[PDB]
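Inspection log for the structure reproduced underneath, given as structure tokens.
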Amino acid sequence: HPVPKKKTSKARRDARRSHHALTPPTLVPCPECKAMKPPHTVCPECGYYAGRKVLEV
Amino acid sequence: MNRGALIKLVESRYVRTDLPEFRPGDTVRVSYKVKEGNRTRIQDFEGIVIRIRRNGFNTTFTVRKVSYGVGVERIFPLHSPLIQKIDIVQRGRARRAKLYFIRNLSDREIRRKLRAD
Amino acid sequence: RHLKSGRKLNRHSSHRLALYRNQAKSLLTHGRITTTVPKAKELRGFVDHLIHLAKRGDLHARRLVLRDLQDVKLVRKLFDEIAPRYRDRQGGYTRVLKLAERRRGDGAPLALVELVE
Amino acid sequence: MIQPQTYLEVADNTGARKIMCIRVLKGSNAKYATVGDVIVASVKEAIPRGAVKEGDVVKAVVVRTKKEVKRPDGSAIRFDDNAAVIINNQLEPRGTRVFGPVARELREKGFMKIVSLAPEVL
Amino acid sequence: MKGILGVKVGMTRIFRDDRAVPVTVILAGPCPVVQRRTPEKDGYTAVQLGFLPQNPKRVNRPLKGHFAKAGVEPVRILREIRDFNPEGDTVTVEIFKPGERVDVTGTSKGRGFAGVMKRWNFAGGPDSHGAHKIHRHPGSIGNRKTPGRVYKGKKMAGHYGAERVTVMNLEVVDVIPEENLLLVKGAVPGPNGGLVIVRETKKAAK
RNA sequence: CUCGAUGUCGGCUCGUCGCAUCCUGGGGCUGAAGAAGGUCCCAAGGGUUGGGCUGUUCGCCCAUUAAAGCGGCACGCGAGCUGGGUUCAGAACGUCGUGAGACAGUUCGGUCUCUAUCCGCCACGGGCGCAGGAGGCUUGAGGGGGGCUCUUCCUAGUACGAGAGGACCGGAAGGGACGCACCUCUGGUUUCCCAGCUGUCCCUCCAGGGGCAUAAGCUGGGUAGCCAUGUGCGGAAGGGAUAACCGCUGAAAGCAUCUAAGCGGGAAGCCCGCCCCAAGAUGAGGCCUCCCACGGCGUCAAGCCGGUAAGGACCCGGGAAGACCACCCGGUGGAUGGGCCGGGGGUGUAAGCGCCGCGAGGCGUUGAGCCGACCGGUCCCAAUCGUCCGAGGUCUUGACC
Ligand SMILES: Nc1nc2c(ncn2[C@@H]2O[C@H](COP(=O)(O)OP(=O)(O)CP(=O)(O)O)[C@@H](O)[C@H]2O)c(=O)[nH]1
């Protein structure tokens, strides 16, 4: 029913897609081994802070 | 601290016990006299009898509509501490289940049923 | 209308209680289990109170949570199997913790949560 | 508690303890035949004989059912809705009537007669 | 004539020969945290704080802003003009006498986002002979060649809770000098167990 | 202009301006005593009810009312409803027509779509900036919100008055309508809080429970939050300019006149005073505190790297704040959540054993039992570990060291 009028150029398309934009992923190193750890988490290696209870099999 | 605290306090201040009278009982129609007055400070130990209905509980509380068949149905609701009160004596029985707002009474009562409880 | 809100959950109260339980149960089975963010969070609150009666330790209590999980194996299993193991701390017998990844198709962030030994 | 159009009760020299009021007699913007107020109406219910008729007076507000909240935090509610019919001045209608006491009324005052008049149980 | 406070909760009380209801105002006692001398801020006045939330937590700046005339270890602070500081520390243990009239305000509890329904009065539209919108919805918004378009400032849906405001006159009712508290029978302007302030203006000739 | 398309009525909902202003006031005038009318000029401030019948707005009628205005905007409103309407076929007759068919005669029914692109409005954020880099408190030019009014009572029947009749000054009191907050109180809710119940398949027969009996099967009550029909409050003063209209001093009209000259009176209206926004008012930022003038690079170093945790962001965890987001307090030197615990307020005496009855159940241990958001205890659990960005803070002039 309300199909715009034309498209204020890629120009506009961008204006939008643009404010949009894609940021990046938070990370520091394993409180245990190394690599990237996002705040509270463990993983397929170290996997802990008090009992890996995880990784290797 | 906070609320609980401070407030608890101020009220304790004014109401103190609503006048230690802690005779609630669910049922019991019973009778009292509130200062309720007007016209030349005719504060009258007015006493109404009423079949015990409900209540509000905390600082401010209220001995609820106790319905009274006057010759039409008149239910009386009254604040508890509410310095307003003087005599407050029970007569009836603190019985019956399902708890208050048992207006069953005021509603379809029928003297008989009434007694039926 | 809405804002100041307590006990916060999803799906539908029946569905929920359903889960809470099913899960509480499966964990009881394995000490530690894997699901999604609050799945854990709240499941904590719950399986949580359960262990609470687990501890309660008595014919009655028993009768109750059983009321909820339905099935001896575990019934006793918990109530005596570990309920002791814990009977002595101040609750929080739950350890809810954020894994390494997010289930596929969506990236649903998950974790493992268990009886906190 | 209130109403505009109303099937209300009375019990004065009524044609029938019932009339339908249009609205409130107060500050041009009715919306509440309220406790202890004065308003307008005609009869709804019958009337053996009686000089009453199927007309319309105005009068004053008794009972209600939805909070009689008083100045002294006196509180009440009767599972009844009714007022007394008036003749001009206010001067009530009948010789007597079936009902009783309680502030709000007398308090409005103008109607002492109603006042001493409906006393005892009922 | 101003009091700084942590608004407690609302509750009922009694006065003379009748009950009625009040509210719980509580305020330790702010102090001359900053003064606008006039030659300083010719908008002369007093800014104060009235409590203290953890010290291990505190920006240097704060630490020394305080340093200034130095006072204590809090975070609750704000300002008001044309109000002398016949002190260098204030409580209300008298500061605010009862049986007096007051004016006051505070943060405004935070609503939601409801249209013609909320926000403004008149509960929506109607319901029945029409249900392709059942009961309520948005009024109308302008017109063809009148202004030739959509208007610019009539009420509108949504967010209408995260704000602040005040109430005109109210009563000072009572003073509890110990636990710096005061009962005032008030529109509990905004939450409770949170933030508020009181000020007194009213050359009101009845 | 419009027939490659402009939806016509009536109504709804949200309305916005207008004055020849209806109620409001300010008024000179009266054939004005008072009171009350009526007669014009000034002024839109707020305000400018319910029903009835009629598809009708108009209208006539009921009841009030201070009052219950005229009208501008395609007789505002279909990208926002409604759609009785008059206006596609039916069929109806009444009426013309030789009849086909027809009547702005009429009456019964009669398939109104809408995933917003633009500018526009409502909100909320991401920039980048108001030439140190910062945490926080302000002042507002300028813009926004609300300015009504009853009736009674106060001085009231001494004003007028032959008499019958009625006060300006002015002063109260409550109320209605309405706007702003808010739960104590009042009442409304409460998808799990508690309690009662039939039917049913399940547990293990008995109880004691369990899913289904619509997104809680039924029912009776029920916080806390949110919320009226419940509660506080408000529409003021009062300050200055003025509309009609009233005057002072005074000529030009060697008597006179408010009248250019110069001065005053005066309206619920205009600026302020009242709250609510607000330097992205590039014309502020004003004040406070604080890290250093941060460190390396080709002088023009207004670029790089650490610089400072000076500070903050990130992730976490919490929030009557909340679509996301930003706002807000916190991260274990904590109480932040959930947990637990004490307590409130809920339900209405549990589960079991025990006591009277063939039994039905009744009584006892029981006002027990079980509990979600409400006051607050206590690191029981989970707020670990970390990371990154962020002065050496515009131009200009004058002054001091
Ligand atoms: N303050 C005051 N008011 C008075 C006094 N006498 C009379 N009045 C008032 O004036 C009114 C006239 O008085 P009243 O005596 O009643 O009139 P009247 O003389 O009986 C009747 P008429 O004047 O025809 O002979 C009364 O209503 C009364 O209230 C007086 O001495 N003092």
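Quick note: the coordinates plus some simple rules give every number you see, no bench work behind them. Here the Cβ positions follow ideal geometry from the backbone for every residue, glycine too, while neighbour counts run over all protein chains shown.
If one computes the Cα centroid of segment D:7-38 and of segment C:15-56, what distance in Å separates the two points?
61
Please identify which residues in segment D:65-95 have an amide N closer than 18 Å to a label point set 7 Å out from the Cα of D:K113, following the Cα→Cβ vector.
Answer for segment D:65-95: D:83-95.
With springs only between Cα atoms under 10 Å apart, run a GNM on chain E and tell me which of E:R76, E:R36, E:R61 wobbles the most.
Of E:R76, E:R36, E:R61, the most mobile in the Gaussian network model is E:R61.
Spelling out what I want: for every residue of segment B:75-83, take phi, set θ = phi - 60°, compute 6.51 cos²θ - 1.76 cosθ + 1.60 (Karplus), and round to whole Hz; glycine and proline get x.
9, 10, x, 9, 3, 6, x, 3, 2
Distance check, please: which entries in A:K5/E:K145; B:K8/E:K64; B:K98/D:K44; D:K109/E:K97; B:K8/B:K33 exceed 31 angstrom between their Cα atoms?
Numbers: A:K5/E:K145 21 Å; B:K8/E:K64 39 Å; B:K98/D:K44 40 Å; D:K109/E:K97 38 Å; B:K8/B:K33 28 Å.
Listed pairs above 31 Å: B:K8/E:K64; B:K98/D:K44; D:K109/E:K97.
When the C-alpha atoms of chain A are aligned to their principal axes, what extent does each axis show, in angstrom, from largest down?
On the principal axes, chain A reaches 62, 24, 18 Å in Cα extent.
Just to be sure I follow the definition: excluding the sites themselves, where is the longest run in chain C that has none of the trypsin sites (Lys or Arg not before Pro) in a DSSP loop with at most 16 other Cβ atoms within 10 Å? Before the final figure, lay out each step's value.
Details: sites that count: C:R1, C:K4, C:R7, C:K8, C:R11, C:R87, C:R89, C:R104.
Answer - C:12-86.
Along the Cα-to-C-beta direction of E:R164, a point sits 7 Å from the Cα; which residues of segment E:85-109 have their amide N less than 18 Å from that point?
Under 18 Å, as judged by backbone N against the label point of E:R164, lie E:103-109 of segment E:85-109.
Using a Cα-Cα cut-off of under 17 Å, which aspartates and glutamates could be cross-linked to C:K39, ignoring same-chain neighbours fewer than 8 residues away?
Cα-Cα hits under 17 Å: C:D48, C:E101, C:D106, C:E114.
With each run of n ≥ 4 DSSP H residues scored as -39500 (n - 2.57), what mean residue ellipticity at 222 nm is computed for chain B after dividing by its residue count and rounding to the nearest 500 deg cm²/dmol? Provide the component values of the computation, followed by the final result.
Details: 3 runs with 25 residues, N = 117.
Mean residue ellipticity, 222 nm, calculated: -6000 deg cm²/dmol.
Report the trypsin sites (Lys or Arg not before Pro) located in segment B:10-42 that are in a DSSP loop and have at most 13 other Cβ atoms inside 10 Å of their Cβ, or state none. Can you show the working numbers first?
Values: sites: B:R13, B:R16, B:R29, B:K33, B:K35, B:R39, B:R41; in loops: B:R16, B:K35, B:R39, B:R41.
Filter output for segment B:10-42: B:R16, B:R39, B:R41.
Choose one of E:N143, E:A157, E:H132: the residue whose Cα lies farthest towards the positive end of the charge dipole of segment E:109-166 (beta-carbon charges +1 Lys, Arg; -1 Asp, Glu; about the Cα centre).
E:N143
All other residues with a Cβ under 12 Å from the Cβ of B:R103 taken together, and with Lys, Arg as +1 and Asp, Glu as -1, what is their net charge? Numbers along the way, then the final one.
On the way: positive: B:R51, B:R53, B:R54, B:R64, B:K65, B:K98, B:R108; negative: B:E73, B:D107, B:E109.
Residues near B:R103 contribute +4 overall.
By count of other Cβ within 10 Å, fewest leading, how are B:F57, B:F101 ordered? Write out the running numbers ahead of the final one.
On the way: B:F57 9, B:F101 12.
Ordered from fewest to most neighbouring Cβ atoms within 10 Å, B:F57, B:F101 come out as B:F57, B:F101.
In the Gaussian network model of chain C, springs joining C-alpha atoms below 10 Å, which of C:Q23, C:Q70, C:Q90 carries the largest mean-square fluctuation?
Fluctuation is largest for C:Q90.
For the residues A:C43, A:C33, D:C21, what sequence is obtained by ranking on other C-beta atoms within 10 Å, fewest first?
With the fewest neighbours first, A:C43, A:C33, D:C21 line up as A:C33, A:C43, D:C21.
Using the structure shown, select from A:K53/C:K98; D:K59/D:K113; D:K31/E:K154; A:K6/E:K155 the pairs with a Cα to Cα distance greater than 21 angstrom.
Working: A:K53/C:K98 13 Å; D:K59/D:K113 14 Å; D:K31/E:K154 28 Å; A:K6/E:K155 32 Å.
Those over the limit are D:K31/E:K154; A:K6/E:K155.
Which residues in segment B:14-57 have a backbone N closer than 20 Å to a point placed 7 Å from the Cα of D:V69 along the Cα-to-Cβ line?
The answer is B:36-37, B:54-57.
Using the charge dipole of chain C (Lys, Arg: +1 at Cβ; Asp, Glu: -1 at Cβ; taken about the Cα centre), state which of C:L112, C:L43, C:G6 has its Cα farthest towards the positive end.
The listed residue farthest towards the positive side: C:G6.
Write out the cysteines belonging to chain A for which the nearest other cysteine Cβ is not under 4.7 Å, or none if no such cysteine exists.
A:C43
Can you work out the FRET efficiency for the pair E:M156 and C:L59, with r the C-beta to C-beta distance and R0 = 60 Å, to the nearest 0.05? Each step should come with its number before you reach the end.
On the way: r = 62 Å, r/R0 = 1.03.
After rounding, the FRET efficiency stands at 0.45.
Can you grab the distance from the C-alpha centre of segment B:52-77 to the C-alpha centre of segment D:52-122, Å, no decimals?
Comparing the Cα centres of segment B:52-77 and segment D:52-122, I get a distance of 21 Å.
Pick from E:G194, E:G106, E:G186: which is most flexible by mean-square fluctuation in a GNM of chain E where alpha carbon atoms under 10 Å apart are linked?
Per the Cα network of chain E with a 10 Å cutoff, E:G194 tops the list.
What ³J(HN,Hα) values, in whole Hz, does the Karplus curve 6.51 cos²θ - 1.76 cosθ + 1.60 give for segment C:72-80 when θ = phi - 60°, with x put for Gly and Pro?
Once θ is set to phi - 60°, the couplings for segment C:72-80 become 3, 1, 5, 2, 5, 2, 6, 2, 10 Hz.
For helix B:2-15, what angle does its Cα long axis make with the longest principal axis of chain B, in degrees from 0 to 90 and rounded to 10?
Roughly 70 degrees between the two axes.
Starting from the Kirkwood radius over alpha-carbon pairs of chain D, derive D by Stokes-Einstein at 25 °C in a medium of 0.890 mPa s and give it in µm² s⁻¹.
Values: Rh = 14.3 Å.
Translational diffusion coefficient: 172 µm²/s.
Ordered by residue, what ³J(HN,Hα) values in Hz, to whole numbers, does segment E:110-125 give under the Karplus form 6.51 cos²θ - 1.76 cosθ + 1.60, where θ = phi - 60° and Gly and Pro are x?
Listing the rounded values in order: x, 2, x, 9, 7, x, 2, 4, 5, 6, 9, 6, 4, 5, x, x Hz.
Mean 1/r over all different Cα pairs, inverted: what Kirkwood radius does the protein assembly as shown give, in Å? List each step's numbers first, then the result.
Working: mean 1/r = 0.0310 Å⁻¹.
So the Kirkwood estimate lands at 32.3 Å.
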